[PDB]
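Please read the structure below before turning to the comments.
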Amino acid sequence: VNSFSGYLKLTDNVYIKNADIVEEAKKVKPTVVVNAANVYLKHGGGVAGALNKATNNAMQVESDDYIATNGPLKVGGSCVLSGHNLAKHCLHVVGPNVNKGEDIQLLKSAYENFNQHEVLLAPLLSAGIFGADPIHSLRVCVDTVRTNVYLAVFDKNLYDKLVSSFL
Ligand SMILES: CSc1ccc(O)c(C(=O)O)c1
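Every number in PDB author numbering is 2 more than the matching position in the sequence shown, counting from 1.
Structure representation (structure tokens):
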């Protein structure tokens, strides 16, 4: 038994809910929240700017130190940093940004990062301002992640479409 509430079960290991991932993290304080990061860990918008805003910019301060030491992530890659006031840990995962010409095939590599963690609160990778088809992202998630993933879908209209179209 874990602390997640109100999720629809899609598979053995994948759960989904119409929820603001930033709001959900504040309530649940999960072990791992996933950020929709870019390779620079520049948390301007979407999930990263809202999680970063919810940390009062502490996520960005930590991320800048990480990049100064390590250089940029790979598209499809990840790093584990603090979860600040939202979670124990934040797994920053870089899905391909379709609006920058990145190979959508890297979405599977991105979701493979989730398998290093037993339970995660996550958004749909490469969805929103990263420009991918969220229906595709949910299919790759289901077909790639084997650990227990709690998906928060901010858009109520999209949530309903994801559920009603799910195979
Ligand atoms: C504030 S939560 C958030 C923001 C932007 C997004 O695209 C998503 C989402 O895609 O689930 C969620």
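Ideal Cβ positions, reconstructed from N, Cα and C, are used throughout, including at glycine.
- Residue pairing of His94 in beta bridges, as defined by DSSP: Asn37, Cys81.
- For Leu122, the enclosing beta strand (DSSP E) covers residues 121-124.
- The Cβ atoms of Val151 and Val30 lie no closer than 8 Å to each other.
- Boundaries of the alpha helix (DSSP H) around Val142: 136-146.
- At the C-beta level, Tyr113 and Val142 come within 8 Å of one another.
- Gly48 has its Cβ nearer than 7 Å to a heavy atom of ligand 1.
- In terms of Cα proximity to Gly85, the closest of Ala50, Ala154, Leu75 is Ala50.
- With a cutoff of 7 Å, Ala154 counts as near ligand 1, since its C-beta is closer than that to a heavy atom of the ligand.
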